[PDB]
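Participant: Handing you a structure now.
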Amino acid sequence: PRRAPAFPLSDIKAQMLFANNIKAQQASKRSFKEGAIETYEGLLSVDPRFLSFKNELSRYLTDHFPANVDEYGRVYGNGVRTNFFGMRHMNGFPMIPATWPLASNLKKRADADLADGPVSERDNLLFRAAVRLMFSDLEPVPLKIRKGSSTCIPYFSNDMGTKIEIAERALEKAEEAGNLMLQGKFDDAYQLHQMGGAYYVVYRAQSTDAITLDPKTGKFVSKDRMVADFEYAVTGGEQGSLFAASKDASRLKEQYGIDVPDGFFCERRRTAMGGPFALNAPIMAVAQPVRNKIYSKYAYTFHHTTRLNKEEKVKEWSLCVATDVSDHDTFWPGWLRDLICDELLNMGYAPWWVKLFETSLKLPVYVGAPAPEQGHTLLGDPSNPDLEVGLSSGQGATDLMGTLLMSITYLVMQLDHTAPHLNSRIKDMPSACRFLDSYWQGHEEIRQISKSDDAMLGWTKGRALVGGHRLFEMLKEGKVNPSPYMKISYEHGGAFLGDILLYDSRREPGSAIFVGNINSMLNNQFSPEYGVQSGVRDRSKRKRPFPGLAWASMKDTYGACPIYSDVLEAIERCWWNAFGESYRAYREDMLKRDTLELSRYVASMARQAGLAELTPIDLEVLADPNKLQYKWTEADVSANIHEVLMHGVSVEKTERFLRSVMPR
Ligand SMILES: [Mn+2]
């Protein structure tokens, strides 16, 4: 059913993806790399004292605080959902090999019994209504760019000046490039305007992954992570193999002279993609206004800030169902891309813009280094983009694509299993739009709070209520998938956007509270995804600009966890045993240094201003800006802090661009 074309780096098609500069050329050739991350300044992830600390702490916490999750996946009591063994990884050393990204998910979806299009006309109207509501009356805003982010194919520039030039030129030339693509002249659009080419595959660490302690021997077992070899990826699973990657860390002693303590493993590695920035800029120019619309008009369903902001909504529900989606990005359907594009064309969106948008979700992928002596291969032909990878992580509107698919998928699940009497309200496009507009504002008796593949489904006092309980029962039983679109299950230990929903004896949303996930505190403090990058002079360009700041927001983020105090004391005791030092004093020093360093970046901040004016969100984001890409948005961050991490293209240039894209 059609193998995707593949080209080695030596091939001209792959060579064309990399500009004649050191950064781009290094990116093309970058071999498999592994090594200990600098967890904190002067501390490596594999430091023997640090691993001794992690061994003692993970064992102690699991022992004293076993998971409190009921048969329905509801968290109660201590607020713990699993063991604390997830920290037992040799950060910077990946599982081998990493997966080759699937060039086509058509067979993956078909074999998982998932739909190749909207099942009913109602569903077709609902997916189309989602497009209409999300993309309608948009307001232009400056195109914001993350400082230090790469422009990827073809330039691989990290320079803000160069990135602003690229983005402004892209907004000027998007029309001409889109029109070339409409003529099937993809190579011309890429050669002239760098719009096309491929996504650049980077493998990102999922620093913590499941580990269990088998009671019979007291030996640890890491969660098997299935990977596709090259053959499987190009054939969409028709040929080749899907097998468990090796997380065995024994190799580190022989290869690097690193002592590997018992029950420590290599990290899970996930595919992540970097989009060609010239193609992403025109997409982002529309995506940001869309976010502003959905987070304002549809704030009920889409705008999530604090644990209390989420709590106010959930407390009003009679039933709360915390869902889980299996491998969202890889299962994301291409037919949805086509439906979205078709509906945007119907709305009167510029055909050239829709073509750029369509093309961004069919683009080839350049595979770097999944393992030693593997990779450096382009999948798909950039002359005619036709990949079905699912959702590319580096596409300019990935969050919106995931949110659109999932919001409608959950609504359809609630309609199918709990609310058939609402079907008559969805007769045509105007009525589908009225219903969806009402549903998204939380005005219906069936409700939801969602962001991409994370959601909580709600039922108020209902006639759909009884159906809601049957659906929850079906999810617990787990024998039948409740959706035709994606593989849905219930979350084992229900959480929403990092916050655990802590139930009491009644097991009802009305008396349940949202608390910080204590395990995430431990993940963030002891298993960061990246090193401190102390060699990167401009801190605003680092993956972790001000790590010390997370100490100041810790009480606010995690304080409500039942075991918060117990964990901090266990950390102090274990850190004393391993280093002969106070962890609290160590973090207070890092906080002091990072607070002082921050004033250099903030114009409004005097030489020794302090953190008084900053919110806990601002502090969590300054320690980890990756939270700005999955947890929060621009509006949630103080304006003076947003300027530290982002720079923008003028609203004058974007306003003119947006007027040319949008209907009338
Ligand atoms: Mn969840």
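Residues in the structure tokens are numbered from 1 in each chain, the chains being A, B, ... in the order shown, and ligands are numbered from 1 in the order shown.
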All residues within 7 Å of ligand 1 are required, counting only C-alpha atoms and all ligand atoms; please report them as a list in words.
Facilitator: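 Final answer, ordered by chain and number: residues 322, 323, 324, 454, 455, 456, 491, 494, 495, 496 and 497 of chain A.
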Participant: Tell me which protein, DNA and RNA residues are within 8 Å of segment 409-417 of chain A, counting only C-alpha atoms, leaving out same-chain ones fewer than 3 positions away, and put them as a PyMOL selection string.
Facilitator: chain A and resi 123+405-406+420+422-423+446+448+457+467-468+470-471+482-483+485-486
Participant: Create the file for the chosen residues now, containing N, CA, C and O atoms and written as a short mmCIF file (atom, residue, chain, number, x, y, z; two decimals), in the first residue's frame.
Facilitator:
data_model
loop_
_atom_site.label_atom_id
_atom_site.label_comp_id
_atom_site.auth_asym_id
_atom_site.auth_seq_id
_atom_site.Cartn_x
_atom_site.Cartn_y
_atom_site.Cartn_z
N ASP A 123 -21.04 14.08 12.75
CA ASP A 123 -19.61 14.21 13.04
C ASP A 123 -18.90 15.10 12.05
O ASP A 123 -18.13 15.96 12.45
N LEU A 405 -9.18 17.95 16.94
CA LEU A 405 -9.49 16.53 16.83
C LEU A 405 -10.09 16.02 18.11
O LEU A 405 -11.17 15.41 18.08
N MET A 406 -9.38 16.22 19.25
CA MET A 406 -9.81 15.69 20.53
C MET A 406 -11.08 16.26 21.10
O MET A 406 -11.93 15.49 21.55
N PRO A 420 -28.07 10.97 23.25
CA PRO A 420 -28.71 10.91 21.92
C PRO A 420 -29.76 11.98 21.61
O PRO A 420 -29.97 12.30 20.45
N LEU A 422 -29.46 15.01 22.18
CA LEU A 422 -28.88 16.27 21.70
C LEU A 422 -28.65 16.24 20.19
O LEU A 422 -28.44 17.28 19.57
N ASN A 423 -28.71 15.05 19.58
CA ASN A 423 -28.47 14.89 18.14
C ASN A 423 -29.36 15.74 17.24
O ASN A 423 -28.90 16.23 16.20
N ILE A 446 -23.59 18.32 29.18
CA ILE A 446 -22.38 17.57 28.90
C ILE A 446 -21.29 18.65 28.68
O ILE A 446 -21.53 19.67 28.01
N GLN A 448 -16.70 19.61 28.96
CA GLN A 448 -15.32 19.16 28.86
C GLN A 448 -14.34 20.30 29.06
O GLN A 448 -14.63 21.47 28.75
N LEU A 457 -13.87 14.99 31.11
CA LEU A 457 -15.23 15.04 30.58
C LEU A 457 -16.23 15.11 31.71
O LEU A 457 -16.10 14.36 32.67
N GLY A 467 -26.05 7.72 31.39
CA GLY A 467 -25.21 7.32 30.26
C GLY A 467 -23.75 7.58 30.57
O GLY A 467 -22.89 6.77 30.23
N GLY A 468 -23.48 8.71 31.22
CA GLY A 468 -22.14 9.11 31.65
C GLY A 468 -21.52 8.06 32.55
O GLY A 468 -20.34 7.71 32.37
N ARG A 470 -22.44 4.79 32.66
CA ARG A 470 -22.28 3.59 31.82
C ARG A 470 -21.00 3.69 31.00
O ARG A 470 -20.27 2.72 30.89
N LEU A 471 -20.73 4.89 30.43
CA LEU A 471 -19.54 5.18 29.64
C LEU A 471 -18.30 4.99 30.49
O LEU A 471 -17.37 4.33 30.04
N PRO A 482 -14.58 3.38 23.13
CA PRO A 482 -15.79 4.20 23.01
C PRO A 482 -15.81 5.19 21.84
O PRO A 482 -16.78 5.92 21.68
N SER A 483 -14.72 5.26 21.08
CA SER A 483 -14.60 6.20 19.97
C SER A 483 -14.27 5.52 18.66
O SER A 483 -13.44 4.60 18.64
N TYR A 485 -12.67 7.27 16.35
CA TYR A 485 -11.57 8.10 15.89
C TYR A 485 -10.18 7.86 16.44
O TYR A 485 -9.21 7.96 15.68
N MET A 486 -10.07 7.63 17.75
CA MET A 486 -8.80 7.41 18.44
C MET A 486 -8.99 6.31 19.49
O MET A 486 -10.12 5.93 19.79
#
Participant: Could you pull the residues within 9 Å of residue 315 of chain A, counting only C-alpha atoms, minus those fewer than 5 positions along the same chain, as an NGL selection string?
Facilitator: :A and (310 or 508-513)
Participant: Now that the selection is made, can you save its residues with N, CA, C and O atoms as a compact mmCIF listing (two decimals), in the first residue's frame?
Facilitator:
# COMPACT_ATOMS: atom_id res chain seq x y z
N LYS A 310 -9.18 25.37 37.33
CA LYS A 310 -9.67 24.08 36.86
C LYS A 310 -10.72 23.56 37.83
O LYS A 310 -11.76 23.05 37.40
N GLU A 508 -16.66 12.02 44.45
CA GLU A 508 -17.50 12.92 43.66
C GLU A 508 -16.73 14.19 43.35
O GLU A 508 -16.00 14.67 44.23
N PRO A 509 -16.91 14.76 42.13
CA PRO A 509 -16.21 16.01 41.76
C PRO A 509 -16.48 17.21 42.66
O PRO A 509 -15.60 18.07 42.79
N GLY A 510 -17.69 17.29 43.23
CA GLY A 510 -18.08 18.39 44.10
C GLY A 510 -17.19 18.57 45.31
O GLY A 510 -16.94 19.71 45.73
N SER A 511 -16.68 17.45 45.85
CA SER A 511 -15.79 17.49 47.01
C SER A 511 -14.31 17.11 46.70
O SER A 511 -13.50 16.89 47.61
N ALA A 512 -13.99 17.01 45.41
CA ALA A 512 -12.64 16.71 44.94
C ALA A 512 -11.87 18.00 44.74
O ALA A 512 -12.48 19.04 44.48
N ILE A 513 -10.54 17.96 44.88
CA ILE A 513 -9.71 19.15 44.69
C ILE A 513 -8.55 18.89 43.75
O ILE A 513 -8.03 17.78 43.70
Participant: Based on DSSP run over this structure's backbone, return all residues of segment 247-304 of chain A in alpha helix (DSSP H), as a ChimeraX atom specification.
Facilitator: /A:251-256,277-296,299-302
Participant: Determine the nearest neighbour of residue 143 of chain A from the options A:492, A:311, A:639, A:287, counting only C-alpha atoms.
Facilitator: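 Of all the options, A:287 lies closest to residue 143 of chain A.
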Participant: List every residue of segment 513-645 of chain A that DSSP, applied to the backbone of this structure, assigns to strand (DSSP E), and report them as a list in words.
Facilitator: residues 513, 514, 515 and 516 of chain A
Participant: Mind writing the picked residues with N, CA, C and O atoms as a PDB file, in the first residue's frame?
Facilitator:
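The resulting result-v8.pdb:
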ATOM      1  N   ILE A 513     -10.541  17.960  44.878  1.00  0.00           N
ATOM      2  CA  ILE A 513      -9.711  19.150  44.694  1.00  0.00           C
ATOM      3  C   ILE A 513      -8.546  18.893  43.746  1.00  0.00           C
ATOM      4  O   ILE A 513      -8.027  17.780  43.703  1.00  0.00           O
ATOM      5  N   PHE A 514      -8.113  19.923  43.010  1.00  0.00           N
ATOM      6  CA  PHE A 514      -6.936  19.788  42.152  1.00  0.00           C
ATOM      7  C   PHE A 514      -5.686  20.094  42.962  1.00  0.00           C
ATOM      8  O   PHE A 514      -5.629  21.135  43.615  1.00  0.00           O
ATOM      9  N   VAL A 515      -4.701  19.183  42.949  1.00  0.00           N
ATOM     10  CA  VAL A 515      -3.435  19.363  43.675  1.00  0.00           C
ATOM     11  C   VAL A 515      -2.272  19.163  42.709  1.00  0.00           C
ATOM     12  O   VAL A 515      -2.421  18.450  41.710  1.00  0.00           O
ATOM     13  N   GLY A 516      -1.129  19.763  43.013  1.00  0.00           N
ATOM     14  CA  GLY A 516       0.059  19.551  42.199  1.00  0.00           C
ATOM     15  C   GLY A 516       0.499  18.094  42.274  1.00  0.00           C
ATOM     16  O   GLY A 516       0.259  17.428  43.285  1.00  0.00           O
TER      17      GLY A 516
END
Participant: Give me the residues near segment 574-583 of chain A as a PyMOL selection string, where near means some atom within 8 Å (using only C-alpha atoms) and where sequence neighbours in that chain fewer than 6 positions away do not count.
Facilitator: chain A and resi 49-50+52-53+56-57
Participant: For N, CA, C and O atoms, I'd like the residues from the last selection saved as a short mmCIF file (atom, residue, chain, number, x, y, z; two decimals), in the first residue's frame.
Facilitator:
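Listed below is the output, selection-v8.cif:
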data_model
loop_
_atom_site.label_atom_id
_atom_site.label_comp_id
_atom_site.auth_asym_id
_atom_site.auth_seq_id
_atom_site.Cartn_x
_atom_site.Cartn_y
_atom_site.Cartn_z
N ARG A 49 27.28 10.15 43.75
CA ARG A 49 26.52 10.62 44.92
C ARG A 49 25.07 10.85 44.52
O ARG A 49 24.17 10.48 45.28
N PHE A 50 24.83 11.45 43.33
CA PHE A 50 23.51 11.75 42.79
C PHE A 50 22.71 10.49 42.56
O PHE A 50 21.55 10.45 42.94
N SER A 52 23.25 7.55 44.07
CA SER A 52 23.05 6.96 45.38
C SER A 52 21.83 7.63 46.02
O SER A 52 20.98 6.92 46.57
N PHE A 53 21.73 8.99 45.88
CA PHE A 53 20.62 9.82 46.36
C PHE A 53 19.29 9.36 45.73
O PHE A 53 18.32 9.11 46.45
N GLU A 56 18.27 5.82 47.06
CA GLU A 56 17.69 5.92 48.40
C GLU A 56 16.32 6.61 48.40
O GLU A 56 15.37 6.06 48.98
N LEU A 57 16.21 7.78 47.74
CA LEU A 57 14.96 8.54 47.69
C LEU A 57 13.81 7.81 46.99
O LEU A 57 12.70 7.79 47.53
#
Participant: Got a sec: who's within 6 Å of segment 237-252 of chain A, counting only C-alpha atoms, leaving out chain neighbours fewer than 5 positions off, as a list in words?
Facilitator: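 These residues fall inside the cut-off: residues 95, 96, 97, 224, 225, 226, 227, 228, 229, 231, 232, 258, 265 and 266 of chain A.
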Participant: So that I can check the surroundings of residue 73 of chain A, please list as a short mmCIF file (atom, residue, chain, number, x, y, z; two decimals) with C-alpha atoms, in the first residue's frame every protein, DNA and RNA residue that reaches within 12 Å of it, counting only C-alpha atoms and ignoring chain neighbours fewer than 5 positions away.
Facilitator:
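part-v8.cif was written with the following content:
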data_model
loop_
_atom_site.label_atom_id
_atom_site.label_comp_id
_atom_site.auth_asym_id
_atom_site.auth_seq_id
_atom_site.Cartn_x
_atom_site.Cartn_y
_atom_site.Cartn_z
CA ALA A 67 -0.12 4.84 45.14
CA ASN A 68 -3.71 5.76 46.24
CA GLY A 79 -2.26 12.06 46.10
CA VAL A 80 0.26 9.51 44.73
CA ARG A 81 -0.49 7.67 41.47
CA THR A 82 2.56 5.45 41.02
CA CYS A 320 -15.80 13.75 35.94
CA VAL A 321 -14.14 11.30 33.53
CA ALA A 322 -10.33 11.73 33.05
CA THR A 323 -9.51 10.29 29.61
CA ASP A 324 -6.29 8.94 28.11
CA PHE A 472 -17.23 5.41 32.70
CA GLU A 473 -18.04 1.73 33.42
CA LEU A 475 -13.89 2.63 30.10
CA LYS A 476 -13.13 0.77 33.40
CA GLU A 477 -14.02 -2.60 31.71
CA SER A 489 -9.21 4.73 27.82
CA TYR A 490 -9.51 6.23 31.29
CA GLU A 491 -6.40 7.76 32.97
CA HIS A 492 -4.99 5.57 35.77
CA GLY A 493 -4.83 8.35 38.36
CA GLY A 494 -6.86 11.15 36.78
CA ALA A 495 -4.96 14.41 36.25
CA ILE A 500 -4.06 15.60 40.05
CA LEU A 501 -7.80 15.54 40.81
CA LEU A 502 -7.77 14.45 44.49
CA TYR A 503 -11.09 12.83 45.53
CA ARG A 507 -15.58 9.95 45.14
#
Participant: Tell me, in Å to one decimal, how far atom CA of residue 85 of chain A is from atom CA of residue 210 of chain A.
Facilitator: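 For atom CA of residue 85 of chain A relative to atom CA of residue 210 of chain A, the distance reads 7.2 Å.
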Participant: Can you write out as a tab-separated table which residues of segment 283-360 of chain A fall within 12 Å of segment 605-622 of chain A, alongside each residue's closest atom pair and its distance in Å to one decimal, counting only C-alpha atoms and ordering rows by chain and ascending residue number?
Facilitator:
residue	atom	partner	partner_atom	distance
A:304	CA	A:617	CA	11.9
A:305	CA	A:617	CA	8.5
A:306	CA	A:617	CA	8.6
A:307	CA	A:617	CA	11.5
Participant: Those selected residues, please, written with N, CA, C and O atoms and delivered as a short mmCIF file (atom, residue, chain, number, x, y, z; two decimals), in the first residue's frame.
Facilitator:
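Okay, part24.cif is ready:
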data_model
loop_
_atom_site.label_atom_id
_atom_site.label_comp_id
_atom_site.auth_asym_id
_atom_site.auth_seq_id
_atom_site.Cartn_x
_atom_site.Cartn_y
_atom_site.Cartn_z
N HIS A 304 -6.90 27.09 30.54
CA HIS A 304 -6.58 26.50 31.83
C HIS A 304 -5.31 27.09 32.40
O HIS A 304 -4.27 27.10 31.73
N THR A 305 -5.41 27.67 33.61
CA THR A 305 -4.29 28.34 34.29
C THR A 305 -3.90 27.62 35.58
O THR A 305 -3.05 26.72 35.56
N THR A 306 -4.53 27.99 36.70
CA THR A 306 -4.21 27.45 38.02
C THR A 306 -5.01 26.22 38.36
O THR A 306 -6.03 25.95 37.72
N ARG A 307 -4.59 25.50 39.43
CA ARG A 307 -5.31 24.35 39.97
C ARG A 307 -6.76 24.75 40.43
O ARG A 307 -7.69 23.95 40.27
#
Participant: From the list A:308, A:152, A:651, A:363, which residue is nearest residue 556 of chain A when using only C-alpha atoms?
Facilitator: A:308
Participant: Can you list, as a tab-separated table (two decimals) with N, CA and C atoms, in the first residue's frame, every protein, DNA or RNA residue that comes within 12 Å of residue 294 of chain A when you count only C-alpha atoms, leaving out same-chain residues fewer than 2 positions away?
Facilitator:
chain	number	residue	atom	x	y	z
A	130	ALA	N	-16.09	23.10	14.29
A	130	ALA	CA	-14.88	23.39	15.05
A	130	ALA	C	-13.96	24.31	14.28
A	131	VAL	N	-13.79	24.06	12.97
A	131	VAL	CA	-12.97	24.89	12.07
A	131	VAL	C	-13.59	26.30	12.00
A	132	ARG	N	-14.92	26.37	11.76
A	132	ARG	CA	-15.66	27.63	11.63
A	132	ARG	C	-15.55	28.50	12.87
A	133	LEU	N	-15.72	27.90	14.04
A	133	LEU	CA	-15.63	28.62	15.29
A	133	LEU	C	-14.22	29.05	15.66
A	134	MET	N	-13.22	28.21	15.38
A	134	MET	CA	-11.83	28.49	15.72
A	134	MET	C	-11.17	29.51	14.80
A	135	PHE	N	-11.49	29.48	13.51
A	135	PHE	CA	-10.83	30.33	12.51
A	135	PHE	C	-11.60	31.56	12.00
A	136	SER	N	-12.78	31.87	12.57
A	136	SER	CA	-13.61	32.97	12.07
A	136	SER	C	-13.17	34.43	12.23
A	137	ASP	N	-13.54	35.08	13.34
A	137	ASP	CA	-13.30	36.51	13.54
A	137	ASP	C	-12.03	36.75	14.35
A	138	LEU	N	-10.88	36.52	13.70
A	138	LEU	CA	-9.57	36.64	14.33
A	138	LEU	C	-9.03	38.06	14.34
A	139	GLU	N	-8.28	38.40	15.40
A	139	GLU	CA	-7.62	39.69	15.56
A	139	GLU	C	-6.10	39.52	15.40
A	287	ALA	N	-2.21	30.92	13.63
A	287	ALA	CA	-2.32	30.10	14.83
A	287	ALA	C	-2.42	30.90	16.12
A	288	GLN	N	-1.56	31.93	16.31
A	288	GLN	CA	-1.64	32.77	17.52
A	288	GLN	C	-3.00	33.46	17.66
A	289	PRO	N	-3.51	34.20	16.63
A	289	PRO	CA	-4.87	34.75	16.73
A	289	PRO	C	-5.96	33.71	17.06
A	290	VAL	N	-5.85	32.46	16.54
A	290	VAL	CA	-6.78	31.34	16.83
A	290	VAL	C	-6.76	31.00	18.32
A	291	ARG	N	-5.54	30.89	18.91
A	291	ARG	CA	-5.37	30.61	20.34
A	291	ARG	C	-6.04	31.71	21.14
A	292	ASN	N	-5.80	32.99	20.78
A	292	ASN	CA	-6.41	34.12	21.46
A	292	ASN	C	-7.94	34.03	21.42
A	296	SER	N	-10.26	32.95	24.81
A	296	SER	CA	-11.11	34.03	25.28
A	296	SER	C	-12.58	33.61	25.19
A	297	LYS	N	-13.14	33.51	23.97
A	297	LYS	CA	-14.54	33.14	23.76
A	297	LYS	C	-14.85	31.76	24.33
A	298	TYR	N	-13.95	30.79	24.12
A	298	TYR	CA	-14.17	29.43	24.60
A	298	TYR	C	-13.29	29.04	25.75
A	299	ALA	N	-12.97	30.03	26.62
A	299	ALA	CA	-12.11	29.87	27.80
A	299	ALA	C	-12.54	28.74	28.70
A	300	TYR	N	-13.85	28.48	28.79
A	300	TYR	CA	-14.36	27.41	29.62
A	300	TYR	C	-13.70	26.08	29.28
A	301	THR	N	-13.76	25.69	28.00
A	301	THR	CA	-13.23	24.41	27.53
A	301	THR	C	-11.72	24.45	27.34
A	302	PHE	N	-11.18	25.58	26.86
A	302	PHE	CA	-9.79	25.68	26.44
A	302	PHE	C	-8.76	26.45	27.25
A	303	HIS	N	-9.17	27.45	28.07
A	303	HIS	CA	-8.21	28.24	28.84
A	303	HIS	C	-8.04	27.76	30.27
A	304	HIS	N	-6.90	27.09	30.54
A	304	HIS	CA	-6.58	26.50	31.83
A	304	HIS	C	-5.31	27.09	32.40
A	399	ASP	N	-0.76	22.32	18.46
A	399	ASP	CA	-1.61	22.35	19.64
A	399	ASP	C	-3.07	22.43	19.23
A	400	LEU	N	-3.38	23.30	18.24
A	400	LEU	CA	-4.73	23.51	17.71
A	400	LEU	C	-5.24	22.30	16.97
A	403	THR	N	-6.09	19.75	19.67
A	403	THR	CA	-7.26	20.25	20.40
A	403	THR	C	-8.54	20.08	19.58
A	404	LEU	N	-8.50	20.46	18.28
A	404	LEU	CA	-9.66	20.35	17.38
A	404	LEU	C	-10.12	18.87	17.27
A	407	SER	N	-11.28	17.59	21.01
A	407	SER	CA	-12.50	18.21	21.52
A	407	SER	C	-13.75	17.59	20.85
A	437	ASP	N	-20.79	26.13	19.79
A	437	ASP	CA	-20.52	27.41	20.46
A	437	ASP	C	-21.03	27.35	21.90
A	440	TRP	N	-18.95	24.49	23.95
A	440	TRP	CA	-17.60	24.96	24.27
A	440	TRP	C	-17.57	26.03	25.36
A	441	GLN	N	-18.70	26.77	25.54
A	441	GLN	CA	-18.82	27.79	26.59
A	441	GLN	C	-19.27	27.16	27.93
A	450	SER	N	-10.31	20.66	27.95
A	450	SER	CA	-9.30	19.91	27.21
A	450	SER	C	-8.16	20.77	26.68
A	451	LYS	N	-7.07	20.09	26.36
A	451	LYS	CA	-5.89	20.62	25.72
A	451	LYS	C	-5.23	19.41	25.07
A	633	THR	N	0.14	29.56	28.08
A	633	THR	CA	0.21	30.45	26.92
A	633	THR	C	0.73	31.83	27.32
Participant: Give the answer as one residue: which of A:183, A:104, A:557, A:91 has the shortest atom-to-atom distance to residue 330 of chain A, using only C-alpha atoms?
Facilitator: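 Counting only C-alpha atoms, the residue closest to residue 330 of chain A is A:104.
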Participant: For residue 638 of chain A, which residue among A:61, A:602, A:102, A:560 is the nearest when counting only C-alpha atoms?
Facilitator: A:602
Participant: Provide the atom CA of residue 531 of chain A to atom CA of residue 599 of chain A distance in Å, to one decimal place.
Facilitator: 22.3 Å
Participant: Could you work out how far atom CA of residue 72 of chain A lies from atom CA of residue 478 of chain A, giving the answer in Å with one decimal?
Facilitator: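 Going from atom CA of residue 478 of chain A over to atom CA of residue 72 of chain A covers 11.1 Å.
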Participant: Give me the residues of segment 612-664 of chain A that have any atom at most 12 Å from an atom of segment 351-360 of chain A; for each, the nearest atom pair and the distance in Å, rounded to one decimal. Use only C-alpha atoms, sort by chain and number, and format it as CSV.
Facilitator:
residue,atom,partner,partner_atom,distance
A:657,CA,A:353,CA,10.4
A:658,CA,A:353,CA,10.2
A:659,CA,A:353,CA,11.8
A:660,CA,A:353,CA,9.2
A:661,CA,A:353,CA,6.4
A:662,CA,A:353,CA,9.2
A:663,CA,A:351,CA,10.6
Participant: Rank nothing, just name the residue among A:543, A:29, A:487, A:253 nearest to residue 114 of chain A, using only C-alpha atoms.
Facilitator: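 Nearest candidate to residue 114 of chain A out of A:543, A:29, A:487, A:253: A:487.
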Participant: Between A:262, A:348, A:99, A:281, which one has atoms that come closest to residue 218 of chain A, using only C-alpha atoms?
Facilitator: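 Using only C-alpha atoms, residue 218 of chain A sits closest to A:262.
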